[PDB]
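Engineer: Below are the structure tokens for one structure; questions will follow.
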Amino acid sequence: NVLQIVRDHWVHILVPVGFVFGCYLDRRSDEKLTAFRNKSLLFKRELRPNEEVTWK
Amino acid sequence: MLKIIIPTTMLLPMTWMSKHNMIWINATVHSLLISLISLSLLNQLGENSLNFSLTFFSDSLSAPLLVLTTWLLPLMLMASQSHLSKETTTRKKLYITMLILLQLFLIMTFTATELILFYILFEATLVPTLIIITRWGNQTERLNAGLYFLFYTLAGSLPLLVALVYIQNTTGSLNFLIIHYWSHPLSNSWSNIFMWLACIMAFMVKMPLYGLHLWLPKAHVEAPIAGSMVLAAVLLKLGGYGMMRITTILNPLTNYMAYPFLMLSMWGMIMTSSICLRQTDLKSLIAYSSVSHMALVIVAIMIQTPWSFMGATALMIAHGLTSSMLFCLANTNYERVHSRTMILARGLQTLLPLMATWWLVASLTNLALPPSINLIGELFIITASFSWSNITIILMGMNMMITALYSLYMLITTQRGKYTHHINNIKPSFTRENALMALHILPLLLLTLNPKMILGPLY
Amino acid sequence: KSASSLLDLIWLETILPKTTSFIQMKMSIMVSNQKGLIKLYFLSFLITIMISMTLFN
Amino acid sequence: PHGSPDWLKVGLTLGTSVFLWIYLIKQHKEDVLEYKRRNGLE
Amino acid sequence: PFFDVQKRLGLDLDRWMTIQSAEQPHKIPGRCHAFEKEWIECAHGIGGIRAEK
Amino acid sequence: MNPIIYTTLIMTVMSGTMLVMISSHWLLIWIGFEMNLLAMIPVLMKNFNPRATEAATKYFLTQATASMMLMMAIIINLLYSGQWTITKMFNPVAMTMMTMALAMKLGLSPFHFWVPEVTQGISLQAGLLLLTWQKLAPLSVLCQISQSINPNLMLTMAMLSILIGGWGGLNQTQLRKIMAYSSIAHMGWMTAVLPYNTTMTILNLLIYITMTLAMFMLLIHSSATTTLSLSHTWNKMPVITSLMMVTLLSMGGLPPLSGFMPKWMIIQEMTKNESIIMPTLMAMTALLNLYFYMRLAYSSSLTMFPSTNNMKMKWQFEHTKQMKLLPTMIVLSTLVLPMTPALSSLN
Amino acid sequence: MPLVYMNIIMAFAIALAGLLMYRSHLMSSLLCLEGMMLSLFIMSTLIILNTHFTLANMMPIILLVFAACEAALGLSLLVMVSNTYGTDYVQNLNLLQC
Amino acid sequence: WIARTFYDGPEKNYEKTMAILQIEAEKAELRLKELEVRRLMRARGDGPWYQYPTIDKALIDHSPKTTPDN
Amino acid sequence: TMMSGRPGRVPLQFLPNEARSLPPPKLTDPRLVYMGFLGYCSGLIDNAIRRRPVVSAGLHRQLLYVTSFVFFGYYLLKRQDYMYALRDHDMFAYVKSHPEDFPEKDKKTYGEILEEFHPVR
Amino acid sequence: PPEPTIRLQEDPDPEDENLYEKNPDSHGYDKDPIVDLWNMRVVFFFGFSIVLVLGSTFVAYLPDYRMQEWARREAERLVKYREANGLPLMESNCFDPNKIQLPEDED
Amino acid sequence: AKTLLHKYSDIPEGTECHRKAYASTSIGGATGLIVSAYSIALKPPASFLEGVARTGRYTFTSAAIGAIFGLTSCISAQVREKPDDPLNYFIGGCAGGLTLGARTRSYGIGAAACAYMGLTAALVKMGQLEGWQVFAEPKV
Ligand SMILES: CCCCCCCCCCCCCCCCCC(=O)OC[C@H](COP(=O)([O-])OCC(O)COP(=O)([O-])OC[C@@H](COC(=O)CCCCCCCCCCCCCCCCC)OC(=O)CCCCCCCCCCCCCCCCC)OC(=O)CCCCCCCCCCCCCCCCC
Ligand SMILES: CCCCCCCCCCCCCCCCC[C@@H](O)O[C@H](CO[C@H](O)CCCCCCCCCCCCCCC)COP(=O)(O)OCC[N+](C)(C)C
Ligand SMILES: CCCCCCCCCCCCCCCCC[C@@H](O)O[C@H](CO[C@H](O)CCCCCCCCCCCCCCC)COP(=O)(O)OCC[N+](C)(C)C
Ligand SMILES: CCCCCCCCCCCCCCCCC[C@@H](O)O[C@H](CO[C@H](O)CCCCCCCCCCCCCCC)COP(=O)(O)OCC[N+](C)(C)C
Ligand SMILES: CCCCCCCC/C=C\CCCCCCCC(=O)O[C@H](COC(=O)CCCCCCC/C=C/CCCCCCCC)COP(=O)(O)OCCN
């Protein structure tokens, strides 16, 4: 029964929500470390015709 | 890395908000899911490391330890669910909270890109373990054990902190990457000798070293089943991880300073293996076996060769799993018998055959039977020590002989012979205990198929 | 006899933990055992003042 | 003992919280505007 | 520690008595007015370490 | 006493401390100290009994002697330089006398004897005020003249204070004596970094004040003054015992609790000035404080002591008077380690 | 530094030592405190008058007044202590022990 | 399939590590420089830090003092 | 670094005017989130001590706790950032004004530097 | 000696409770049969079915980020080049000595 | 004060055994007198004669302990022909501890004193060699 089992089974959504939030926060921290994107001597590359960044 | 930390933090709200009769199910399910998530860290590179951010990074030495730490929590919950049956909901939730906090601290400790953060989490892991030992313990000596398990650790760890900050004043950075890339040789000086000692003894006390192993039998005996599991499986490996991380700056002074600890470990392995032979307690015998294995790991780390490090990593993983299984089996016997003495209950193979099979497999994997990863680590360390010096083989072989002797002694005393007549409360083993044994043993025999997953960064 | 009782249970216990416990207990007893007479504390303060004046200059 | 929810205290608490939040948002907006002005961003 | 309420408010609660050369009643000079005056103008704003050396 | 009289005396104490803090003249600092001491005595003797009177007279004797030597040091400094401003002390004989006076005012060793006696004699609220508020003025004066202190004497007194507190706290069954020895040890930690960084001194003062406020308020809530009386607290308010154990672990310097923040930073600072032996000795000595904190925690919450039959009646009543700032104090004294860099605010 | 200042400091130190001797008679502790105050007043007055610090003439009297107030307080306390025991002997205050 | 749906390319980690190393190296050099600056300022006192107060010279009264020689 | 005597310092100013030239901390700063979490924990402890339903006793009281903690944390973060900016500014200015005490090291490659080798045996 | 020989009023030590007596098929998880059975089911499904199987298959088929086959192919092509060119396989010096500047002794 | 420190330190380690022994005896006597004064102030045992006997006993023990340490350290340094070696200080300190135990007449006390002041003397020698500062001035 909806709106009844939710009051008892709503705790099961906490961990997956934490997981997706952690993935979002990992991307959050990743976005701040692009000072050398497409600048290392090993992977100096010319951009593709429809490409703006090598990795996101 | 937050994809693992955040679910572990959300495990707390879930437990507290959980129904009064649904805490164990939710905790076990979500802990297993978090272990599945953490399984992704095994995909390492032959290059430097998995640098997620400025605060956390992963490595093929940290990855197996993290996987084992995430895997241990469901087993700990399954083991603890039995003896906490007559316990109030608030205090059961507090127990689960302590377990979750310990897992979170260990997970953050094993990444620890900076050494001061590593020290902070490495000493933060102390509080939940002390609370678990001194609160949910049976005997009156638990308090004493807790005191020991505390002060020994601090007696080694307080100087380390000083050394750590001193290094940051000289080097300018305690980040592991900068420390590795900018490492400089240590001049053979008294000041450098004392800095070496301050950096080393903090991790040597927790392995533990043979001289400083007194706290371990007390802490393991008086702690509950979950406390014994977490102490034997993961908490002992913190010293080895710290030593492997910190020995980079200690060269070349390590060559001269390794001699006392090498001698102490090489003789204390024999001493503890012989002590195991004359023991009237199962938990104490398992604790002394753990001491012997960690002494071998200390020898491996001090030898400081690639094969040494590979064998050390494999041995830590294998020993953690094996000791957790042995403690679980001993606790299953104790819950029926309530005496914790080897000679009291005998001939249990007649009454509990499947549990006897579990006992046999645990004893065999503790005996370092090939091609188990226990044997892989032991053989790698033995070969590295033989390359270090050809005379170590005598002590190593003696240790193997005594190890086999006491393992089969433990098996035969409790499983073989005639049953005790006056004991009649030996009920058939439950599905929970058998599932616990299977979940402990299957990963070992699966990891022996892919050894490179647990051989560390020097593979 | 040697491995279990002599070393593990007695001498290793005697050296690090028991000696520390005994020394700390003795020092705590010596320091805390003051009868509460301000005469002795004041004489000690005078001695300390004299030592500070005659030693730290 | 036997008492009803004190609506005076509840109203004071809600008003204090709302006023603090409004002041914080206004202060933040002013700070960003001032910093942009001094540093010549926009 | 030192909360300079006087300098914040310009009250001058006790600065009038701090030195000999600060507005004595009836313009009565200190015995060492000139030396104190010279030493004070020597060390004004220079800072304690540099003033000492 | 009359509540108006008590409020006036408390405001007089605070005004004396503020006068010490905001004045730039030595005579005004001495006057503020005199006012604080004058208004402190009736607060200590709020509950009339011979013990309170004895504690108050011991406190009066010690503080009067400290003020008198402070005045002598001021006079000698004026003699060797016609200066009344609080600055570098000029004379070295007047700087050693200025240090012992402030040490007896703070309670540092070897002038530590009066602290356990006075704390045990007075009640819990008077002990709270004495151990928290009475440290602001001498520490402020020391911070102002920090560059003039001889490091040898100050460091010797700090190390002696730490040793004496750690050793003397082991033998105590009374909670007030335990708190007094803890205060002595924390003052020893506080003054060991004055020659190097006063900001660390003020940070340690703030953390110690928060922890002491939380501890003393918890002791007031569970009205117990002995170990055995505190052992009965689990049977009525177990959450109070749990919070008390967490706070005690915090005062032991155990990470990741708040009490680890000062020590750590102090050690860090003292490693910048090529000092190694002293911080190591300080940590090894603070192990003793942690030991007796852990013994108290054992007797308090980690074990369930036997109770009494009459306790059942206490189950039917609730505390009429409640303390508003206790939860905030507990949280600040337990969970502010991640906020360490905020110490750059020159607290 | 002339000999007069040295002798005054010596008198102050002797009074402090007598205060710290504590043979008996807490009244003698109060008397030693008052002697220390008298030595301080004498030294401060001599120093201030010698250097013609005109405003600092406020300093001695203030000190005097404050100290006398302190003395009064102490006297009151002593009376109360005596009011419990009947004598002002120091050794009677042994209920509190470290 | 696993590499496509779970893991990013090799360059990502390479350049992220390069940036992290650059940041940490700057932090280390700044720490040494700050320590040296602190030492120099405390020793000499000419710097903005460690400025201990002295007597304000605006308090001096510049007027005839009933005696020609001050 | 003792900035008590730094020239041109207003005595009792929490945040000087020049601090307005620095970027303010974001409203989503993790430190502000931690301060709000501390306020929430204080509210939970307040509910627990007074023997009330911990999670759902006073919503207004808990929300006031969180709001006050966030307010004080924001202003504290502002002051902390200003102080660190001042420290870096002073250090850079002192380095610039004293070139003789901070010489430019000669750049040498590892191919021309002889470092002793210690074999592991 | 009128003492009751009882140190204090204490509850008697309770006997152990058997999960099998009140409920066969007890599974050793809980005293409530439905919660017990569901606990067993979720333990078996998330331990043996999800982690032990899917995780093992995931680890078995992890991509070659360790660069084993890449190193093998590089060595294959490098040996093919050196053998054809007559070069003496792997050189003794890991770096070209021409770009290493020794410090002249002149002793 | 530091006059005794200067007198003890100025003498070379490898020469003048008697002067080093005299300086160490003076330092030990001063330390024992200080300990006796502290004990008398904190605990007046029974009388003036008992107090002066206690002070004499403590002073002789400490002076005695010091004398044994100085003679042994200097002799070991001279015969071993290797000055500035903490092993000589360890030997001298532990011999002094053995003499202290003999005075106290306790085997366990003697062994503990030997160990715990041999280590202390070795640490002091190491600090003198490497320039460790117990009371560091404010560098920064
Ligand atoms: C790395 C950081 C990350 C982790 C953070 C960890 C800390 C965080 C929390 C800090 C404190 C705040 C909360 C604690 C308040 C205490 C209240 C309490 O006792 O619990 C009862 C209460 C339930 O009981 P009740 O029905 O109200 O009535 C029972 C009475 O309260 C009382 O019943 P009783 O009196 O009959 O029971 C007696 C019992 C009761 O006594 C207690 O339980 C006292 C509480 C513990 C003391 C707390 C000290 C302050 C925090 C220190 C944390 C230390 C961290 C460092 C690690 C070392 C660990 C020590 O005492 C004993 O049994 C004596 C022996 C206990 C064993 C020895 C003491 C060890 C305790 C140490 C615990 C430390 C961690 C606490 C974790 C939270 C526990 C609630 O629990 C709760 O419901 C509140 C828990 C939290 C609420 C979660 C709601 C959030 C979910 C929705 C939002 C979703 C979030 C994500 C957003 C996005 C989603 C879409
Ligand atoms: C108790 C259970 C185990 C706990 C842990 C025990 C392990 C810790 C032991 C630490 C290792 C030894 C410490 C110093 C070793 C240095 C090598 C030395 O032994 O060799 C000679 C050193 O000579 C002598 O040993 C001098 C030192 C003698 C004083 C030490 C006391 C000896 C026994 C005390 C043991 C107590 C240790 C535990 C204390 C709590 C070489 O002479 P020299 O070439 O000139 O010196 C070379 C070093 N330099 C270059 C820096 C100068
Ligand atoms: C235990 C945790 C800390 C809690 C602290 C109490 C929190 C509530 C306090 C409420 C606000 C108090 C701030 C006062 C308002 C204006 C202050 C301003 O006028 O003063 C300025 C200075 O502001 C204050 O000093 C800053 C106080 C902020 C304290 C927070 C630091 C906490 C340490 C890090 C732990 C993290 C705690 C986070 C949660 C609270 C000017 O100082 P100045 O006259 O020029 O020199 C005197 C100081 N000297 C001598 C050291 C240089
Ligand atoms: C009951 C009696 C038996 C009945 C059943 C009969 C059937 C017998 C078959 C079972 C064993 C016989 C041996 C047959 C082995 C064949 C499978 C093997 O080849 O696969 C292995 C694969 O095994 C895995 O690699 C090892 C298992 C993963 C270990 C992770 C454990 C699971 C996570 C749980 C938590 C971890 C806890 C411990 C922390 C570390 C090795 O594969 P590999 O040659 O290399 O390359 C794979 C293919 N490539 C080339 C495309 C890449
Ligand atoms: C389970 C218990 C284990 C206890 C572990 C204790 C062993 C660690 C060593 C003792 C503590 C030393 C901490 C030093 C921290 C490192 C800092 C450092 O090494 O810097 C040195 C400082 O070195 C020291 O000062 C060390 C002096 C030791 C003082 C404390 C002694 C403690 C006991 C020593 C005897 C025990 C020795 C072996 C203990 C093994 C444990 C059993 C350089 O000093 P500077 O003045 O800066 O140099 C300038 C000139 N080049």
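Engineer: Pairs, please: C-beta under 6 Å, at least 6 apart or cross-chain, first residue within 17 Å of B:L238 (Cβ to Cβ) and in the stretch B:50-63, second among the small types (G, A, S) and buried (at least 22 other Cβ atoms within 10 Å of the Cβ)?
Structural biologist: Short answer, once both residue conditions are applied: B:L61/B:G456.
Engineer: Restricting the search to the stretch F:103-135, which residues are within 14 Å of chain C (Cβ to nearest Cβ) and either charged (D, E, K, R) or over 26 Å from C:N33 (Cα atoms) (or both)? Lay out the reasoning, then the answer.
Structural biologist: Filtering the stretch F:103-135 for residues within 14 Å of chain C (Cβ to nearest Cβ) gives F:103-105, F:107-121.
Passing the criteria: F:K105, F:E117.
Engineer: Still on this model: Take the stretch B:411-432 and flag every residue that is in contact with a helix residue (DSSP H, G or I) (Cβ under 9 Å, 6 or more places away or on another chain) and within 14 Å of chain J (Cβ to nearest Cβ).
Structural biologist: Those that are in contact with a helix residue (DSSP H, G or I) (Cβ under 9 Å, 6 or more places away or on another chain) and within 14 Å of chain J (Cβ to nearest Cβ): B:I423, B:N425, B:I426, B:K427, B:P428, B:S429, B:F430, B:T431, B:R432.
Engineer: Among K:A37, K:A64, which is assigned to a helix (DSSP H, G or I) and either under 16 Å from the mean Cα position of the chain (by Cα) or more than 14 Å from chain C (Cβ to nearest Cβ) (or both)?
Structural biologist: Numbers: K:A37 fails: either under 16 Å from the mean Cα position of the chain (by Cα) or more than 14 Å from chain C (Cβ to nearest Cβ) (or both).
Selected residue: K:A64, the only one of K:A37, K:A64 that is assigned to a helix (DSSP H, G or I) and either under 16 Å from the mean Cα position of the chain (by Cα) or more than 14 Å from chain C (Cβ to nearest Cβ) (or both).
Engineer: Which of the residues belonging to the stretch F:142-154 are touching a helix residue (DSSP H, G or I) at 6+ places or on another chain (Cβ under 8 Å) and surrounded by fewer than 24 Cβ atoms within 10 Å (Cβ to Cβ)?
Structural biologist: Keep residues of the stretch F:142-154 that are touching a helix residue (DSSP H, G or I) at 6+ places or on another chain (Cβ under 8 Å), which gives F:142-143, F:145-150, F:153-154.
F:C143, F:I145, F:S146, F:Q147, F:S148, F:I149, F:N150, F:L153, F:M154 - these are the residues of the stretch F:142-154 that are touching a helix residue (DSSP H, G or I) at 6+ places or on another chain (Cβ under 8 Å) and surrounded by fewer than 24 Cβ atoms within 10 Å (Cβ to Cβ).
Engineer: Please enumerate the residues belonging to the stretch F:179-199 that are under 14 Å from the mean Cα position of the chain (by Cα) and either more than 12 Å from chain C (Cβ to nearest Cβ) or farther than 27 Å from F:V141 by Cα (or both).
Structural biologist: Of everything in the stretch F:179-199, those that are under 14 Å from the mean Cα position of the chain (by Cα) and either more than 12 Å from chain C (Cβ to nearest Cβ) or farther than 27 Å from F:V141 by Cα (or both) turn out to be F:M179, F:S182, F:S183, F:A185, F:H186, F:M187, F:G188, F:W189, F:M190, F:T191.
Engineer: I would also like to ask the following. Which of the residues spanning the stretch B:203-226 are hydrophobic (A, V, I, L, M, F, W, C) and within 16 Å of the chain's Cα centre (by Cα)?
Structural biologist: Residues satisfying the conditions are B:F203, B:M204, B:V205, B:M207, B:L209, B:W215, B:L216, B:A219, B:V221, B:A223, B:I225, B:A226.
Engineer: Right, something else. Need at least 2 residues that are crowded, with 18+ Cβ neighbours inside 10 Å per element, so show me which helices (runs of 4 or more DSSP H) inside the stretch F:259-347 make the cut, counting only ones lying wholly within it.
Structural biologist: The qualifying helices (runs of 4 or more DSSP H) are F:260-272, F:277-297, F:326-334.
Engineer: Checking the conditions here, which among K:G66, K:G93 is on the phi < 0 side of the Ramachandran plot, within 16 Å of ligand 5 (Cβ to nearest atom) and in contact (Cβ under 8 Å) with a residue 24 or more places away in the chain?
Structural biologist: K:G93 is the lone residue from the list that is on the phi < 0 side of the Ramachandran plot, within 16 Å of ligand 5 (Cβ to nearest atom) and in contact (Cβ under 8 Å) with a residue 24 or more places away in the chain.
Engineer: Evaluate the following for G:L55: is it under 17 Å from F:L27 (Cβ atoms) and at the interface with another protein chain (Cβ under 10 Å from one of its Cβ atoms)? So that I can check it myself, show each step before the final result.
Structural biologist: Values: under 17 Å from F:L27 (Cβ atoms): yes; at the interface with another protein chain (Cβ under 10 Å from one of its Cβ atoms): yes.
Answer is yes for this residue.
Engineer: Say we look at the stretch F:48-91 and pick out the residues that are more than 9 Å from chain G (Cβ to nearest Cβ) and hydroxyl-bearing (S, T, Y); which of these is farthest from the chain's Cα centre (by Cα)?
Structural biologist: Within the stretch F:48-91, the match that is farthest from the chain's Cα centre (by Cα) is F:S81.
Engineer: Exactly one condition in (1) within 16 Å of ligand 1 (Cβ to nearest atom); (2) at the interface with another protein chain (Cβ under 10 Å from one of its Cβ atoms) is false for B:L75; which is it?
Structural biologist: Here B:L75 clears every test but (1).
Engineer: Does at least one position in the stretch I:67-85 carry a residue that is closer than 30 Å to F:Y196 by Cβ, touching a residue at least 12 places away in the same chain (Cβ under 8 Å), part of a helix (DSSP H, G or I) and within 14 Å of chain H (Cβ to nearest Cβ)?
Structural biologist: yes
Engineer: With a cut-off of at least 1 residues that are touching a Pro at 6+ places or on another chain (Cβ under 7 Å), name the helices (runs of 4 or more DSSP H) lying wholly within the stretch F:21-123.
Structural biologist: Of the helices (runs of 4 or more DSSP H) lying wholly inside the stretch F:21-123, those with at least 1 residues that are touching a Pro at 6+ places or on another chain (Cβ under 7 Å) span F:93-106.
Engineer: Condition check: within 11 Å of ligand 2 (Cβ to nearest atom) and either of a type in the set (S, T, N, Q) or over 16 Å from the mean Cα position of the chain (by Cα) (or both). Does K:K139 satisfy that?
Structural biologist: So K:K139 does not fit the description; no.
Engineer: Please give the number of the condition F:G32 fails out of (1) more than 9 Å from every other protein chain (Cβ to nearest Cβ); (2) touching a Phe, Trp or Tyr at 6+ places or on another chain (Cβ under 9 Å); (3) of a type outside the set (S, T, Y).
Structural biologist: That leaves (2) as the condition not met.
Engineer: What number of residues in the stretch K:97-140 are β-branched (V, I, T), touching a residue at least 24 places away in the same chain (Cβ under 8 Å) and within 11 Å of ligand 5 (Cβ to nearest atom)?
Structural biologist: Residues in the stretch K:97-140 being β-branched (V, I, T), touching a residue at least 24 places away in the same chain (Cβ under 8 Å) and within 11 Å of ligand 5 (Cβ to nearest atom): 2 in total.
Engineer: If you go through the stretch B:169-208, how many residues are of a type outside the set (F, W, Y) and within 16 Å of ligand 2 (Cβ to nearest atom)?
Structural biologist: Selection size over the stretch B:169-208: 20.
Engineer: Looking at B:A435, is it in contact with a helix residue (DSSP H, G or I) (Cβ under 8 Å, 6 or more places away or on another chain) and more than 21 Å from B:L348 (Cα to Cα)?
Structural biologist: No, not satisfied.
Engineer: Okay, moving on. Any idea which residue in the stretch A:1-50 is farthest from the chain's Cα centre (by Cα), counting only those that are among the β-branched types (V, I, T) and part of a helix (DSSP H, G or I)?
Structural biologist: To start, the set of residues in the stretch A:1-50 that are among the β-branched types (V, I, T) comprises A:2, A:5-6, A:11, A:13, A:15, A:17, A:20, A:34.
Restricting the remaining residues to those that are part of a helix (DSSP H, G or I) gives A:6, A:11, A:13, A:15, A:17, A:20.
Details: A:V6: 29, A:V11: 24, A:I13: 19, A:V15: 17, A:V17: 13, A:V20: 8 Å.
Checked the stretch A:1-50; the qualifying residue farthest from the chain's Cα centre (by Cα) is A:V6.
Engineer: A further question follows. Quick one: is B:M229 under 17 Å from the mean Cα position of the chain (by Cα), within 16 Å of ligand 4 (Cβ to nearest atom) and in contact (Cβ under 8 Å) with a residue 40 or more places away in the chain?
Structural biologist: Numbers: under 17 Å from the mean Cα position of the chain (by Cα): yes; within 16 Å of ligand 4 (Cβ to nearest atom): yes; in contact (Cβ under 8 Å) with a residue 40 or more places away in the chain: yes.
In short, yes.
Engineer: Of all residues in the stretch F:304-342, which are under 17 Å from F:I240 (Cα atoms), away from ligand 3 (no atom under 16 Å from the Cβ) and at the interface with another protein chain (Cβ under 9 Å from one of its Cβ atoms)?
Structural biologist: F:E318, F:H319, F:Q322, F:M323 - these are the residues of the stretch F:304-342 that are under 17 Å from F:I240 (Cα atoms), away from ligand 3 (no atom under 16 Å from the Cβ) and at the interface with another protein chain (Cβ under 9 Å from one of its Cβ atoms).
Engineer: Let me ask something else. Please enumerate the residues belonging to the stretch B:267-297 that are assigned to a helix (DSSP H, G or I), more than 18 Å from B:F327 (Cα to Cα) and not aliphatic (A, V, I, L, M).
Structural biologist: Selection gives B:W267, B:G268, B:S274.
Engineer: How many residues, within the stretch C:18-50, are more than 7 Å from every other protein chain (Cβ to nearest Cβ) and in a helix (DSSP H, G or I)?
Structural biologist: 10
Engineer: Collect the residues in the stretch B:111-168 that are of a type in the set (D, E, K, R), at the interface with chain F (Cβ under 9 Å from one of its Cβ atoms) and under 27 Å from B:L54 (Cβ atoms), keeping them in residue-number order.
Structural biologist: B:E123
Engineer: Restricted to the stretch B:118-137, and to residues that are touching a residue at least 40 places away in the same chain (Cβ under 8 Å), over 17 Å from the mean Cα position of the chain (by Cα) and more than 17 Å from B:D59 (Cα to Cα), which residue is nearest to ligand 5 (Cβ to nearest atom)?
Structural biologist: B:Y119
Engineer: Shifting gears a bit: Taking the stretch B:85-102 only, how many residues are buried (at least 18 other Cβ atoms within 10 Å of the Cβ) and within 14 Å of chain J (Cβ to nearest Cβ)?
Structural biologist: 1
Engineer: Could you please find all residues in the stretch I:29-56 being polar (S, T, N, Q), out of contact with any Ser or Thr (no Cβ under 7 Å at 6 or more places or on another chain) and surrounded by 17 or more Cβ atoms within 10 Å (Cβ to Cβ)?
Structural biologist: I:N47
Readers should treat all values here as calculations from the given coordinates under stated rules, not as data from a laboratory. For neighbour counting, all protein chains shown are included, and Cβ atoms are generated from backbone atoms with ideal geometry for every residue, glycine included.
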